[PDB]
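# I would like to see how this sequence folds:
(6 chains)
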Amino acid sequence: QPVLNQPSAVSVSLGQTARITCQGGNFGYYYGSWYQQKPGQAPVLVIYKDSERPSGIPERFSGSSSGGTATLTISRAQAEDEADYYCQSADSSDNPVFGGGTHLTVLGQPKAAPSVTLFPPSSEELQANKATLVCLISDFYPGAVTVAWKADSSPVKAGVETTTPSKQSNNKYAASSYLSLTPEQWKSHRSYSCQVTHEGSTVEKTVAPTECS
Amino acid sequence: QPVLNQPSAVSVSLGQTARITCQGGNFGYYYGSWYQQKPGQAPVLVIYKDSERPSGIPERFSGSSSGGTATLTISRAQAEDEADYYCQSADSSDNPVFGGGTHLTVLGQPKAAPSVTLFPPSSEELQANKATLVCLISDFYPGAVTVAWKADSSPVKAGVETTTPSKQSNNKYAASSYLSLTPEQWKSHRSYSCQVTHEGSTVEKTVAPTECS
Amino acid sequence: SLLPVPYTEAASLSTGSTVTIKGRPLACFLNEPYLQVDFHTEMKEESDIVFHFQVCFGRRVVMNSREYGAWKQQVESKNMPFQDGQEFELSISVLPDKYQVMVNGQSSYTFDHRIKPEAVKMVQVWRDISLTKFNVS
Amino acid sequence: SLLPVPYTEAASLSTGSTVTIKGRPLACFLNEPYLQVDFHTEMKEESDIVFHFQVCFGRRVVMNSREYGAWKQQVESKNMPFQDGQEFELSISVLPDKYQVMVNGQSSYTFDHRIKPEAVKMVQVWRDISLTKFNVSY
Amino acid sequence: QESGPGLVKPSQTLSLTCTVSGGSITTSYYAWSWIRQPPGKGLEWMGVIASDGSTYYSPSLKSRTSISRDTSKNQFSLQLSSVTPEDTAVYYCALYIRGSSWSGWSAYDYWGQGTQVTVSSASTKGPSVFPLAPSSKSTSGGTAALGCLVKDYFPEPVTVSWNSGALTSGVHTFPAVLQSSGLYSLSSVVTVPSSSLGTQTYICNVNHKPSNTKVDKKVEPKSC
Amino acid sequence: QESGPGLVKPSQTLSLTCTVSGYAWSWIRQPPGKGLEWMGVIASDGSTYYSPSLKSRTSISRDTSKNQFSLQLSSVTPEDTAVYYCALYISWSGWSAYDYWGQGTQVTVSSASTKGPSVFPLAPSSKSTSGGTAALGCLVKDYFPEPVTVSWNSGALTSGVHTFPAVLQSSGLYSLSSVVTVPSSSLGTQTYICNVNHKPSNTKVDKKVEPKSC
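Numbering: from 1, shown residues only, chains lettered A, B, ... in the order given. Structure as follows:
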């Protein structure tokens, strides 16, 4: 399948100017366009015909093109510009091509400490002969996290399902881990713990079966 | 409608050379062909490509063509050449045309006296409350014939339908005449006669109902 | 060396006549130059065409006739012995029943007579080709 | 006075360029002479065609483009303002979004850009027509 | 061999078919055409279907004419739509032999026998068939011409076979007369010897196809 | 506006439709995590075009009276799993851009069938706060495939709500959870119900979340 050559991920500090090139493609004949896409949301056209920008697109965005290269320019970065960026052109009038996509990271944002919420298995799930512990982390930057589970003091790694970290609406990461256990283990143990490590620091929450939390 | 122009009838004496012209048509561009048609018989190809004759056709038949006219030539006429002759060409490769038709009469043929057969109305027709006299004339040349009907000595001229003379397979004419009568007239009168005239000569036949014929 | 194109010459043909043409296309086969040979009934080019021979170099060859200004059934042929950018020799042999068109002295196409060749009064060579020789046999 | 046909000229076009052709067909309209104007990306005639303009005098006009040696979707027009046996002036005006082909200053055909006009490096005029004048205006 | 005869009312559509060879050997079955002949008039072309080419039609009849072919049946069929009294004609099936392509000026060597198609508002009347008893005369040489009578039929034609086609020598079938009323009637008479008329029995098998009447009349000597 | 189901058995033919509300409609799909992949185009003035890779398997129809156009990719295999977008162009060329893009729809093609999620409520922390902070949620366990929209109190609560992405479990099923940040002041008057919707299986489960008895 035909794909244009563009960087996969690019970092730029707030207030600086970021430039994304769309090279390697069958250019010279054709024009180039650019789309802004956030995860799970539809792309929005930013630049068309390599020079003009549509109405509604801020003045920060501009595009240049020459030979076999097109350059996307964001003059005055803001936080909301942190998203995935695609360029497009054609190998032939009857066959368009699209780029690999570029994620723009807006640097200079302050670091944030995680907030942890631990839920016990509900009575219904225990009533349904199941048990699930939900260890939820929010408002943390960057995403790299390690999760540890304990059986009153003992690390448990089987039955653990841990997500890949993904940003929230406020541009901070979020991840979750789930532990599958039976109501026997649930009632047989005094408590269960979720030990989370982020940037070395640790934050823990604990729940107990017979004792209401 | 597109039709070739050719004379309706041409006469030639036995032993002479007959020529039939096909005028008004498109030649020079195209080729010409010729067909011989006998009454009640399928047409037979005589000339194709203006010069050549198919197998079986005698050398007596030949064709000429010039400008917008084609001429069929029959060098040594015989009786069998008495027939209708059609010329054929095209207005265009994708559209053939046919001629108006020429009746060729071959004169000089030997004379023949007419043979007359007269039947009385059968009992079945009398059982069907009708009566028809059948006067059949064959083996006579030429076709021109006049028919006379008589009521015991008296000419009957109403209700007579007589055919147009037509050649046999043996190149002699044949004609028939029918008289429409009622069971009243047939049994009430002594007899009825059919008088046939050919080249001045006369032939009569008579039958009677009550008397076996 | 080169003969004027379109080339128009009076000619009359019959069984045994051979028309010799020697020329070269003016374009590469990819750009699809054409070559057309028309046998006319009069010296005026608007006259009817007894034999129409139009080549689309590199794709196909089609033949037809124009009778009373009307184009008749076109015959399509994909035989393309013509070689890109190479000089060609075109010979059209007149037979009693059809035409025999040889390309470089090698038979490639035939076209059955629709109008007898004696009606031909002019032969015209015209299309995106260079012309060097024209002969009537 | 007469320009050699096929006529091949190096040229580069942009928004505002106009290609002027002045000639006469070499045959009567009944015999259907053709006229072809091709805008190439290279001086080689086998190069790609940015704008292909083929007239079948008296019948129709067809336009297309050739990208990487492949003919694209042909656009057909039946408008035939050209008059039999009369000299014509053919002008192709380049617009930002399309071409403007005028016949004696009269609009007849349009062709939306499929390859940006800056890719033109050669213009060739060739078919059964006589050619007298060829100029590019800005 | 042609088949499909009959009378048709105006505005209808009738079909005619031609059979494989009818007397033609080693036939690639090439270049089949339709030619019709209005009564007493000249031949009038209708269309053609070539193996090399596809088909051709005549402009006057282009709109109303349809030609189909079934090579597995080795037949090809005509359909003439919106018939009028002018379409009354004898329709022939003609085969083009010459190995060259079909042209307008091309000729047809083998013609079909043809069949009569009558287009008029009037309906079909069954023929009043009647036998003709032989002449009671006893002859010194031997001659007795007995016949059959086909009265009051419309339209033409009427095929007359004798003894189911067993007698062909000296047979004469006379043409019909057009009466003032508008109907046809004819008779057929054979010349057979008057020696034996009790041993060999003669029967006039008269067939009228447009009305589909099949009548085989028993001819017997008249008792005196 | 996009419509059409998300489950399909392999070797079958799946359909996607795009609705038009107030001049060339194209189909672009996105394999999971991959770059954009063109599929076809259909103009109202002109006719259709296709891409060679999908040319054999792609069929594009149009309903001008409904002003809708539908995609048909026949003989589907697990390779056809992708996120499908319909983008609107405003003659059509390859380098042309699309101003209005469809919201997108996820289509997952695999042999497994659809599983209703074993939804379970998560009672809030029984702890009472002097300022007011309580993060209670819902649990969407054992569902296949993705995605699942989770609304709280029939879309009446948006403040502090967090709906977490799903995890692909070793068992082969997906599971996510949604948690809301509500004040701990009134917990007997305001009833919170997580209205979970799973579209490929059409399962609507609204779980009544209540505080755990102490």
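# Please count neighbours and contacts with C-alpha atoms only from this point.
OK.
# residue contacts, the residue most central in space within chain C?
Nearest residue to the geometric centre of chain C (CA atoms, centre = their mean): residue C:37, 2.9 Å. Shown in contact with residue C:37 (CA atoms under 8 Å, 6 or more residues apart in numbering or on different chains): C:51, C:52, C:53, C:54, C:123, C:124, C:125, C:126.
# Wait, the last one touches residue C:36, no?
This means residue C:126. Yes: in this structure, residue C:126 is within contact of residue C:36 by CA atoms under 8 Å, at 5.7 Å.
# The two: who's more crowded?
residue C:126 (22 against 19; other CA atoms under 10 Å in any protein chain shown).
# Residue A:204: how many residues sit nearby?
Going by other CA under 10 Å, the residues that sit close to residue A:204 add up to 17.
# Kindly report the same for residue A:96.
Applying other CA under 10 Å, we find 22 residues neighbouring residue A:96.
# who does it bridge with?
Bridge pairing for residue A:96 (DSSP bridges) gives the partners residue A:90.
# distance of it from residue F:105?
As judged by CA to CA, to the nearest Å, residue A:96 and residue F:105 stand 22 Å apart.
# Ok, residue C:82 next?
Taken as CA to CA, the span from residue C:82 to residue F:105 is 56 Å.
# again with residue A:136
Taking CA to CA, one finds residue A:136 at 27 Å from residue F:105.
# Burial check on residue A:193, number of neighbours?
22.
# And for the one 5 residues further on?
Here the number of neighbours of residue A:198 (other CA under 10 Å) works out to 17.
# give me every residue that touches the nearest residue to it once chain neighbours are set aside.
Distance criterion CA to CA, 6 or more residues apart in numbering or on different chains; nearest residue to residue A:198, sequence neighbours excluded, is residue A:145 at 4.8 Å. Contact analysis of residue A:145 by CA under 8 Å, 6+ apart lists A:196, A:197, A:198, A:199.
# just checking, residue A:144 touches residue A:200?
No: the criterion here is CA under 8 Å, and residue A:144 misses it with residue A:200 at 10.1 Å.
# quick one, which of the two is more surrounded?
In this view residue A:144 and residue A:200 are compared by other CA under 10 Å, and residue A:144 has more residues nearby, 13 against 8.
# From chain F, how far off is the more buried one?
16 Å (CA to the nearest CA, to the nearest Å).
# Could you measure from that residue over to residue A:173?
Residue A:144 is 9 Å from residue A:173, by CA to CA.
# Find the residues that touch each one of these two.
residue A:165.
# ok so, going back, and the residue nearest to residue A:198, backbone torsions?
Taking degrees, to the nearest 10, you get phi -150, psi 150 for the backbone angles of residue A:145.
# what ranges do the helices span in chain A?
In chain A, the helices defined using DSSP state H lie at A:123-127, A:183-188.
# List the buried residues in the first one.
By neighbour count on 16 or more other CA atoms under 10 Å in any protein chain shown, the buried set for helix A:123-127 is A:123, A:125, A:126.
# so which of those are also by chain F?
Filtering the buried residues of helix A:123-127 for neighbours of chain F using CA under 8 Å from any CA of the partner chain leaves residue A:125.
# Now flag whichever of the buried residues of helix A:123-127 is closest to chain D.
In terms of CA to the nearest CA, no member of these lies closer to chain D than residue A:125, at 62.0 Å.
# dump the residue contacts of the most centrally placed residue in chain E.
With distances taken as CA atoms, centre = their mean, the residue of chain E nearest its centroid is residue E:115 (4.2 Å). Contacts for residue E:115 were tallied using CA under 8 Å, 6+ apart; they are E:2, E:3, E:4, E:5, E:90, E:91, E:92.
# Could you do residue E:71 as well?
Contacts of residue E:71 (CA under 8 Å, 6+ apart): none.
# check contacts around the nearest residue to residue E:204 once chain neighbours are set aside.
Closest residue in space to residue E:204, ignoring its immediate chain neighbours: residue E:162 at 4.7 Å, by CA to CA, 6+ apart. Residues in contact with residue E:162 (CA under 8 Å, 6+ apart) are E:168, E:202, E:203, E:204, E:205, E:206.
# For the third one, give its distance to residue E:217.
Read that as residue E:203. The value you get for residue E:203 to residue E:217, if CA to CA is used, is 6 Å.
# Spatially nearest residue to the residue in chain A positioned nearest to chain B, not counting backbone neighbours?
Chain B sits closest to residue A:94 of chain A, with a gap of 42.9 Å, by CA to the nearest CA. Leaving aside its sequence neighbours, residue A:94 sits nearest to residue F:94 (CA to CA, 6+ apart; 5.4 Å).
# any idea how far residue A:27 is from the one you found?
12 Å.
# Over to residue A:166?
Residue A:166 is 35 Å from residue A:27, by CA to CA.
# more crowded one of these two?
When neighbours are counted by other CA under 10 Å, residue A:166 and residue A:27 differ, and residue A:27 comes out ahead with 22 against 17.
# can you tell me which residues contact the more buried one?
Residue A:27 sits next to A:67, A:68, A:69, A:89, A:90, A:91 when contact means CA under 8 Å, 6+ apart.
# Chain D contacts on chain A?
A:28, A:29, A:30, A:31, A:92, A:93, A:94.
# Mind putting the residues you listed into JSON lines with neighbour count?
Listed next are those as JSON lines, based on neighbours: other CA atoms under 10 Å in any protein chain shown:
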{"residue": "A:28", "neighbour count": "15"}
{"residue": "A:29", "neighbour count": "23"}
{"residue": "A:30", "neighbour count": "26"}
{"residue": "A:31", "neighbour count": "24"}
{"residue": "A:92", "neighbour count": "22"}
{"residue": "A:93", "neighbour count": "22"}
{"residue": "A:94", "neighbour count": "20"}
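# right, and out of these, which lies closest to chain F?
So of the residues of chain A next to chain D, ranked by how close each gets to chain F (CA to the nearest CA), first place is residue A:93, at 4.4 Å.
# Just list the residues touching that closest one, thanks.
Contacts of residue A:93 (CA under 8 Å, 6+ apart): D:67, D:72, D:114, D:115, F:93, F:94, F:95.
# Residue E:176 now?
Counted by CA under 8 Å, 6+ apart, residue E:176 has contacts B:163, E:184, E:185, E:186, E:187.
# burial measure for residue E:28, as a count.
10.
# Point me to the residue of chain A nearest chain C.
For chain A, CA to the nearest CA, closest residue to chain C: residue A:92, 19.0 Å.
# Please report how far that residue lies from chain E.
Taking CA to the nearest CA as the measure, residue A:92 falls 40 Å from chain E.
# Next: residue A:50.
Residue A:50 sits at a distance of 55 Å from chain E (criterion: CA to the nearest CA).
# In contact with that residue, which residues are there?
Residues in contact with residue A:50 (CA under 8 Å, 6+ apart) are A:31, A:32, A:33, A:63, A:64, A:65, A:70.
# Can you lay out the residues you listed as JSON lines showing distance to residue A:179?
JSON lines is the format used below for those (distance: CA to CA, whole Å):
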{"residue": "A:31", "distance to residue A:179": "52"}
{"residue": "A:32", "distance to residue A:179": "49"}
{"residue": "A:33", "distance to residue A:179": "46"}
{"residue": "A:63", "distance to residue A:179": "49"}
{"residue": "A:64", "distance to residue A:179": "52"}
{"residue": "A:65", "distance to residue A:179": "53"}
{"residue": "A:70", "distance to residue A:179": "49"}
